[PDB]
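Peer 1: This is the structure I want to talk about, given as C-alpha cells.
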Amino acid sequence: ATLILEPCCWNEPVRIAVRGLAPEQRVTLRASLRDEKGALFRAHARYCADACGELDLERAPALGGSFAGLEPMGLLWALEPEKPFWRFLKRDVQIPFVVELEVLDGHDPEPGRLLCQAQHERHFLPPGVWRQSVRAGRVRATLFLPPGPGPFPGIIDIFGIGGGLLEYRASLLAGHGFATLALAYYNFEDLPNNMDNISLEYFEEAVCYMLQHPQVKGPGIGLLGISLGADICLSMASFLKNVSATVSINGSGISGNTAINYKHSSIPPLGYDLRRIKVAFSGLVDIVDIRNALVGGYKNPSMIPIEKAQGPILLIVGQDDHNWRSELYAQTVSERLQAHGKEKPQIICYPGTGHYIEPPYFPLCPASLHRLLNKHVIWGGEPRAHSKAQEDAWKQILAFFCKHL
Ligand SMILES: [Cl-]
Ligand SMILES: [Cl-]
Ligand code: NI
C-alpha cells in the first residue's frame, strides 16, 4: 500500500499516485506542512481507487475536500493555514518545506486508519543555483546565478509594500537560466525604515551593479515588479538607461501615496482618502476605492511617463484585485503609450485573480493585516482561478524575458 511522487521546486507540477489499495477503495488524502515560524498548513481530498486498487491524481478527480474535480496539484495549491490571516511565504530560500502526505481509509470526517505516509521536500533554490548577499554601495540585495559558464540574461525583482528582502521569486526564476537580483528598498538593515519618497538613484545603482557583474549578459536588464514594485519598475524604465524589458504585475502606473523623484524630475502623488474604505458584512475592509480619481486619464499629472521607456512592457492583471484597480490602470497605461505613438503593451488579464499573483502553487491568502492601515483587508481572488492565473503568468513571464533578453 504505497504513495508515489514522480519525477524538485515548489513551482513544479508533480504526479501523486497510490498503488496497493483495495479495488475501488474510498480514501482521503491529506497534505500538511509547518512554515518557518511553525504555523501549520493543510489540505485534503476524498477519492476512489480504480479496479487495480490504484489512484492517480492526474486522472482521478477529487470528490470533495479542500477542493473537488480534476486538480493534480490541489493538495498543494489548496493548502490553508490553521491560524487565520496567516500568509504562505518563504523567507529562507535555502531551506525547503517538508510536505507530509498521507493516505487514510474512508471518507469520514473522523479520519480512518493510516494506510501510508510520505515526506517530500519542496525546494525554493533550484539545482545548482548559487546565492550571494549583495552589499554594494547603499544597495541591499541578493543575487542568484544559474549553473553553467554564463554570462546570463539578468533580471531585477522588486516587491511592493512590506519591506525586507523576499527572495523566493528571484531564486525560482534563476532556475530557468536568468541571473536575478532580489532587491530591498526599505525596512531592511540600514535602508530607510519607511517609504516617504521614492528616489530612483538607488535603483539605478542596482541596475549598474547588475550590468557590471561579470556573469550578467546585458546589454540591458529585465525588470519584474509586483504592486508598488511594479510601479517602481515602470518608473525605472521611464527614466533610466539600459532597461531592456519590463514586467508589471498589478501595478498602477502612477505615483500613488508618495512622490517619485529622479534628479530634476518629480512625479506628484495622486493621493488617497481612507473615508472611501468599505466594511463588508464580515467586518473585513475593502480598500479598492481609496485612491483619488484618475481625472484626465492618461493626461493626469500623476502618470508615470512610460512613453519614455525604450523597451517592451508586459502588464499582468488580476481582474479581482481588491488592493486597487489594476485592470483600469493597465488600460490607462496602454492609452498613454498609444497617445505618444508607441506600441500597445501586451496586457494579460486573469479572471478570479487577486492582487498577490505569486509563483505557481503558492496558496491564496484572501485577507491579512494591511500594515499602513492596521486593519484586516481583502486582497481578492478565488482559489482555483487564482491558481491557474499563477501557473500561466509564470510561463508568460519566462516567454517574455526569453524573447526580449
Ligand atoms: Cl475547487
Ligand atoms: Cl503603495
Ligand atoms: Ni461578506
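Convention: chains lettered A, B, ... in C-alpha cells order; per-chain residue numbering from 1; ligands numbered from 1 as shown.
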Let me see if you get this right: every residue at most 9 Å from ligand 1, counting only C-alpha atoms and all ligand atoms, written as a ChimeraX atom specification.
Peer 2: /A:64-71,74,78,383-385
Peer 1: If you count only C-alpha atoms and all ligand atoms, which residues end up within 8 Å of ligand 2, as a ChimeraX atom specification?
Peer 2: /A:160-161,227-228,256-257
Peer 1: Store the residues picked out above, limited to C-alpha atoms, as a compact mmCIF listing (two decimals), in the first residue's frame.
Peer 2:
```txt
# COMPACT_ATOMS: atom_id res chain seq x y z
CA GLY A 160 5.65 46.11 -3.10
CA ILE A 161 4.97 47.45 0.39
CA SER A 227 2.38 46.17 -6.79
CA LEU A 228 4.41 49.26 -5.73
CA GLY A 256 0.33 56.93 -5.57
CA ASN A 257 0.95 57.78 -1.94
```
Peer 1: Please identify which residues in region 186-247 of chain A DSSP calls strand (DSSP E) from the backbone, and express them as a ChimeraX atom specification.
Peer 2: /A:198-199,221-226,243-247
Peer 1: Separation of CA of residue 340 (chain A) and CA of residue 201 (chain A), in Å?
Peer 2: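 Atom-to-atom, CA of residue 340 (chain A) to CA of residue 201 (chain A), that is 25.6 Å.
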Peer 1: So which residues are near ligand 3, meaning at most 9 Å away with only C-alpha atoms and all ligand atoms counted, given back as a PyMOL selection string?
Peer 2: chain A and resi 280-284
Peer 1: Leaving out region 44-54 of chain A and any residue of its chain fewer than 2 positions from it, which residues lie within 8 Å of it when counting only C-alpha atoms, given as a PyMOL selection string?
Peer 2: chain A and resi 17-31+42+56+60-68+75+107
Peer 1: Output the selection as an mmCIF file, in the first residue's frame - N, CA and C atoms for each residue.
Peer 2:
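result30.cif was written with the following content:
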```
data_model
loop_
_atom_site.group_PDB
_atom_site.id
_atom_site.type_symbol
_atom_site.label_atom_id
_atom_site.label_comp_id
_atom_site.auth_asym_id
_atom_site.auth_seq_id
_atom_site.Cartn_x
_atom_site.Cartn_y
_atom_site.Cartn_z
ATOM 1 N N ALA A 17 0.570 9.520 -6.852
ATOM 2 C CA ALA A 17 -0.005 8.221 -7.197
ATOM 3 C C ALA A 17 -0.012 7.317 -5.991
ATOM 4 N N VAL A 18 -1.005 6.442 -5.927
ATOM 5 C CA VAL A 18 -1.084 5.452 -4.867
ATOM 6 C C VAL A 18 -1.337 4.096 -5.513
ATOM 7 N N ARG A 19 -0.533 3.100 -5.131
ATOM 8 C CA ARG A 19 -0.706 1.688 -5.521
ATOM 9 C C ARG A 19 -1.035 0.927 -4.258
ATOM 10 N N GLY A 20 -1.528 -0.300 -4.419
ATOM 11 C CA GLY A 20 -1.748 -1.213 -3.286
ATOM 12 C C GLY A 20 -2.996 -0.977 -2.436
ATOM 13 N N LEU A 21 -4.040 -0.392 -3.029
ATOM 14 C CA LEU A 21 -5.298 -0.120 -2.304
ATOM 15 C C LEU A 21 -6.251 -1.264 -2.624
ATOM 16 N N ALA A 22 -7.358 -1.388 -1.893
ATOM 17 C CA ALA A 22 -8.440 -2.288 -2.312
ATOM 18 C C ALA A 22 -9.021 -1.820 -3.647
ATOM 19 N N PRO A 23 -9.672 -2.715 -4.395
ATOM 20 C CA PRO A 23 -10.277 -2.210 -5.617
ATOM 21 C C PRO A 23 -11.404 -1.235 -5.290
ATOM 22 N N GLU A 24 -11.359 -0.042 -5.885
ATOM 23 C CA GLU A 24 -12.364 0.991 -5.670
ATOM 24 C C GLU A 24 -12.477 1.421 -4.220
ATOM 25 N N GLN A 25 -11.370 1.380 -3.493
ATOM 26 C CA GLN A 25 -11.411 1.770 -2.081
ATOM 27 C C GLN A 25 -11.639 3.288 -1.957
ATOM 28 N N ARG A 26 -12.390 3.671 -0.943
ATOM 29 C CA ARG A 26 -12.606 5.068 -0.636
ATOM 30 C C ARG A 26 -11.479 5.533 0.274
ATOM 31 N N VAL A 27 -10.708 6.518 -0.166
ATOM 32 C CA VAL A 27 -9.633 7.071 0.648
ATOM 33 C C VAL A 27 -9.692 8.616 0.724
ATOM 34 N N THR A 28 -9.162 9.146 1.824
ATOM 35 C CA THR A 28 -8.851 10.543 1.970
ATOM 36 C C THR A 28 -7.353 10.712 1.868
ATOM 37 N N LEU A 29 -6.908 11.674 1.063
ATOM 38 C CA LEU A 29 -5.512 12.109 1.074
ATOM 39 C C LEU A 29 -5.419 13.436 1.797
ATOM 40 N N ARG A 30 -4.335 13.608 2.538
ATOM 41 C CA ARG A 30 -4.122 14.781 3.335
ATOM 42 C C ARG A 30 -2.669 15.211 3.170
ATOM 43 N N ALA A 31 -2.463 16.521 3.103
ATOM 44 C CA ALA A 31 -1.151 17.130 2.919
ATOM 45 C C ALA A 31 -0.993 18.156 4.005
ATOM 46 N N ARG A 42 -2.620 22.920 5.838
ATOM 47 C CA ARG A 42 -3.159 21.603 5.492
ATOM 48 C C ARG A 42 -4.258 21.656 4.431
ATOM 49 N N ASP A 56 -4.509 7.637 -9.279
ATOM 50 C CA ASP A 56 -3.625 8.561 -9.944
ATOM 51 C C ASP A 56 -4.205 9.978 -9.995
ATOM 52 N N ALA A 60 -7.738 10.868 -11.752
ATOM 53 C CA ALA A 60 -8.885 10.665 -10.878
ATOM 54 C C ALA A 60 -9.291 11.985 -10.216
ATOM 55 N N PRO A 61 -10.567 12.371 -10.316
ATOM 56 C CA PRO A 61 -10.992 13.603 -9.647
ATOM 57 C C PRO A 61 -11.242 13.498 -8.154
ATOM 58 N N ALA A 62 -10.944 14.566 -7.419
ATOM 59 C CA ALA A 62 -11.310 14.654 -6.010
ATOM 60 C C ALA A 62 -12.828 14.778 -5.967
ATOM 61 N N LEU A 63 -13.462 14.081 -5.041
ATOM 62 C CA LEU A 63 -14.902 14.032 -4.930
ATOM 63 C C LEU A 63 -15.367 15.086 -3.945
ATOM 64 N N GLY A 64 -14.395 15.700 -3.248
ATOM 65 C CA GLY A 64 -14.661 16.608 -2.160
ATOM 66 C C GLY A 64 -13.400 16.792 -1.342
ATOM 67 N N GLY A 65 -13.490 17.708 -0.375
ATOM 68 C CA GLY A 65 -12.377 18.143 0.440
ATOM 69 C C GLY A 65 -12.146 19.658 0.347
ATOM 70 N N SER A 66 -10.874 20.024 0.504
ATOM 71 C CA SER A 66 -10.386 21.375 0.244
ATOM 72 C C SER A 66 -10.608 21.822 -1.192
ATOM 73 N N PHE A 67 -10.867 20.904 -2.109
ATOM 74 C CA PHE A 67 -11.224 21.249 -3.482
ATOM 75 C C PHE A 67 -11.901 19.999 -4.035
ATOM 76 N N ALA A 68 -12.369 20.075 -5.268
ATOM 77 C CA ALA A 68 -13.035 18.959 -5.908
ATOM 78 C C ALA A 68 -12.697 19.061 -7.356
ATOM 79 N N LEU A 75 -3.700 19.411 -3.600
ATOM 80 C CA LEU A 75 -3.184 19.187 -2.272
ATOM 81 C C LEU A 75 -2.095 20.193 -1.898
ATOM 82 N N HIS A 107 -13.978 8.002 3.899
ATOM 83 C CA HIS A 107 -14.419 9.367 3.577
ATOM 84 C C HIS A 107 -15.012 10.075 4.765
#
```
Peer 1: If we count only C-alpha atoms and set the cut-off at 10 Å, which residues sit around residue 113 (chain A), ignoring sequence neighbours fewer than 3 positions away in its own chain? Please answer as a list in words.
Peer 2: residues 27, 103, 104, 105, 106, 110 and 116 of chain A
Peer 1: Output N, CA and C atoms for every residue in that selection, as a PDB file, in the first residue's frame.
Peer 2:
```
ATOM      1  N   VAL A  27     -10.708   6.518  -0.166  1.00  0.00           N
ATOM      2  CA  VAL A  27      -9.633   7.071   0.648  1.00  0.00           C
ATOM      3  C   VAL A  27      -9.692   8.616   0.724  1.00  0.00           C
ATOM      4  N   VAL A 103      -2.259   8.859   3.119  1.00  0.00           N
ATOM      5  CA  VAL A 103      -3.463   8.218   2.600  1.00  0.00           C
ATOM      6  C   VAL A 103      -4.192   7.547   3.743  1.00  0.00           C
ATOM      7  N   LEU A 104      -5.429   7.962   3.980  1.00  0.00           N
ATOM      8  CA  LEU A 104      -6.231   7.405   5.041  1.00  0.00           C
ATOM      9  C   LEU A 104      -7.440   6.661   4.443  1.00  0.00           C
ATOM     10  N   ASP A 105      -7.940   5.676   5.195  1.00  0.00           N
ATOM     11  CA  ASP A 105      -9.047   4.841   4.747  1.00  0.00           C
ATOM     12  C   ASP A 105     -10.370   5.547   4.978  1.00  0.00           C
ATOM     13  N   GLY A 106     -11.212   5.555   3.970  1.00  0.00           N
ATOM     14  CA  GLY A 106     -12.543   6.108   4.119  1.00  0.00           C
ATOM     15  C   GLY A 106     -12.722   7.578   3.785  1.00  0.00           C
ATOM     16  N   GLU A 110     -14.171  12.024  10.811  1.00  0.00           N
ATOM     17  CA  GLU A 110     -13.215  11.435  11.759  1.00  0.00           C
ATOM     18  C   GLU A 110     -12.284  10.491  10.980  1.00  0.00           C
ATOM     19  N   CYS A 116      -0.840   4.798   4.362  1.00  0.00           N
ATOM     20  CA  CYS A 116       0.583   5.153   4.171  1.00  0.00           C
ATOM     21  C   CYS A 116       0.905   6.636   4.384  1.00  0.00           C
TER      22      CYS A 116
END
```
Peer 1: Can you pull out the residues contacting residue 392 (chain A)? Cut-off 10 Å, using only C-alpha atoms, and skip same-chain residues under 3 positions away; I want them as number ranges by chain.
Peer 2: A: 348, 350, 359-360, 386-389, 395-397
Peer 1: In Å, how far is it from CA of residue 336 (chain A) to CA of residue 234 (chain A)?
Peer 2: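 Going from CA of residue 336 (chain A) over to CA of residue 234 (chain A) covers 12.7 Å.
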Peer 1: So that I can see what lies close to residue 311 (chain A), please list as a PyMOL selection string the residues with an atom at most 12 Å from it, counting only C-alpha atoms and leaving out residues fewer than 3 positions away in the same chain.
Peer 2: chain A and resi 220-223+234+236-247+306-308+314+337+342-345+400-401+403-405
Peer 1: With N, CA, C and O atoms retained, write the just-selected residues as a tab-separated table (two decimals), in the first residue's frame.
Peer 2:
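Done, and the output landed in out_25.tsv:
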```
chain	number	residue	atom	x	y	z
A	220	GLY	N	21.22	45.25	-21.70
A	220	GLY	CA	20.31	45.81	-20.66
A	220	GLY	C	19.89	44.77	-19.64
A	220	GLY	O	20.30	43.63	-19.73
A	221	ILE	N	19.10	45.19	-18.64
A	221	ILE	CA	18.46	44.25	-17.70
A	221	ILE	C	16.95	44.21	-17.84
A	221	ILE	O	16.34	45.10	-18.40
A	222	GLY	N	16.37	43.11	-17.37
A	222	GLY	CA	14.92	42.97	-17.29
A	222	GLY	C	14.48	43.44	-15.93
A	222	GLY	O	15.26	43.34	-14.97
A	223	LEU	N	13.24	43.95	-15.85
A	223	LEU	CA	12.63	44.36	-14.60
A	223	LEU	C	11.31	43.64	-14.41
A	223	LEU	O	10.48	43.57	-15.31
A	234	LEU	N	8.23	50.37	-13.67
A	234	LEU	CA	7.80	51.28	-14.74
A	234	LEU	C	8.48	52.68	-14.70
A	234	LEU	O	8.72	53.30	-15.74
A	236	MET	N	11.56	53.23	-13.36
A	236	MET	CA	12.93	52.92	-13.79
A	236	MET	C	13.00	52.83	-15.30
A	236	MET	O	13.85	53.45	-15.92
A	237	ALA	N	12.08	52.10	-15.91
A	237	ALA	CA	12.05	52.00	-17.37
A	237	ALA	C	11.87	53.39	-18.01
A	237	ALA	O	12.38	53.64	-19.11
A	238	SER	N	11.16	54.28	-17.32
A	238	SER	CA	10.83	55.57	-17.89
A	238	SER	C	12.01	56.54	-17.81
A	238	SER	O	12.19	57.38	-18.68
A	239	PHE	N	12.86	56.37	-16.82
A	239	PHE	CA	13.89	57.34	-16.53
A	239	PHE	C	15.35	56.89	-16.67
A	239	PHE	O	16.20	57.74	-16.78
A	240	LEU	N	15.62	55.58	-16.66
A	240	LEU	CA	16.96	55.07	-16.61
A	240	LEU	C	17.39	54.45	-17.90
A	240	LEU	O	16.58	54.03	-18.72
A	241	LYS	N	18.72	54.35	-18.03
A	241	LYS	CA	19.37	53.71	-19.16
A	241	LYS	C	19.44	52.18	-18.96
A	241	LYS	O	19.42	51.70	-17.81
A	242	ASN	N	19.50	51.45	-20.07
A	242	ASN	CA	19.84	50.01	-20.08
A	242	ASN	C	18.76	49.09	-19.50
A	242	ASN	O	19.05	48.00	-18.97
A	243	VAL	N	17.50	49.52	-19.56
A	243	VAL	CA	16.38	48.65	-19.20
A	243	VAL	C	15.88	48.05	-20.46
A	243	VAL	O	15.40	48.77	-21.31
A	244	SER	N	15.98	46.74	-20.61
A	244	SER	CA	15.60	46.07	-21.86
A	244	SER	C	14.16	45.66	-21.94
A	244	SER	O	13.59	45.66	-23.02
A	245	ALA	N	13.57	45.25	-20.84
A	245	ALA	CA	12.19	44.81	-20.86
A	245	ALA	C	11.61	44.85	-19.45
A	245	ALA	O	12.33	44.64	-18.48
A	246	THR	N	10.32	45.15	-19.33
A	246	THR	CA	9.70	45.39	-18.02
A	246	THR	C	8.39	44.64	-17.89
A	246	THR	O	7.52	44.74	-18.76
A	247	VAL	N	8.28	43.87	-16.81
A	247	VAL	CA	7.04	43.19	-16.49
A	247	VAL	C	6.46	43.81	-15.25
A	247	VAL	O	7.14	43.91	-14.22
A	306	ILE	N	5.62	56.65	-19.01
A	306	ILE	CA	6.09	55.40	-19.55
A	306	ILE	C	6.37	55.43	-21.08
A	306	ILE	O	7.03	54.57	-21.60
A	307	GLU	N	5.89	56.44	-21.79
A	307	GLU	CA	6.26	56.63	-23.20
A	307	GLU	C	7.76	56.82	-23.41
A	307	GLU	O	8.25	56.70	-24.50
A	308	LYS	N	8.47	57.10	-22.35
A	308	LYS	CA	9.91	57.30	-22.43
A	308	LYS	C	10.70	56.04	-22.45
A	308	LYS	O	11.87	56.08	-22.80
A	314	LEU	N	5.18	44.34	-20.54
A	314	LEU	CA	4.10	43.39	-20.32
A	314	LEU	C	3.36	43.76	-19.02
A	314	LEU	O	3.98	43.95	-17.98
A	337	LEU	N	0.75	55.11	-23.74
A	337	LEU	CA	1.73	54.70	-24.72
A	337	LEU	C	1.24	55.03	-26.14
A	337	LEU	O	1.94	55.67	-26.90
A	342	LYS	N	3.60	55.06	-29.27
A	342	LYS	CA	4.31	53.83	-29.00
A	342	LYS	C	3.35	52.68	-29.19
A	342	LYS	O	2.14	52.87	-29.31
A	343	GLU	N	3.93	51.49	-29.23
A	343	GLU	CA	3.20	50.26	-29.44
A	343	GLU	C	2.40	49.93	-28.18
A	343	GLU	O	2.83	50.21	-27.07
A	344	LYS	N	1.20	49.39	-28.37
A	344	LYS	CA	0.38	48.87	-27.26
A	344	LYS	C	1.20	47.90	-26.42
A	344	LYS	O	1.86	47.03	-26.95
A	345	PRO	N	1.18	48.05	-25.12
A	345	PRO	CA	1.80	46.97	-24.36
A	345	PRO	C	0.94	45.73	-24.44
A	345	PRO	O	-0.27	45.80	-24.70
A	400	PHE	N	8.26	35.99	-22.12
A	400	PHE	CA	8.57	37.42	-22.35
A	400	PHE	C	10.06	37.78	-22.14
A	400	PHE	O	10.66	38.50	-22.93
A	401	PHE	N	10.64	37.33	-21.06
A	401	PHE	CA	12.04	37.66	-20.79
A	401	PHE	C	12.99	36.86	-21.72
A	401	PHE	O	13.98	37.40	-22.17
A	403	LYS	N	12.39	36.04	-24.80
A	403	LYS	CA	12.34	36.67	-26.08
A	403	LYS	C	13.13	38.00	-26.08
A	403	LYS	O	13.89	38.29	-27.01
A	404	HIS	N	12.96	38.79	-25.03
A	404	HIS	CA	13.48	40.15	-25.05
A	404	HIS	C	14.86	40.33	-24.41
A	404	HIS	O	15.49	41.36	-24.64
A	405	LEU	N	15.31	39.36	-23.60
A	405	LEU	CA	16.66	39.39	-23.01
A	405	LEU	C	17.62	38.36	-23.61
A	405	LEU	O	17.45	37.12	-23.52
```
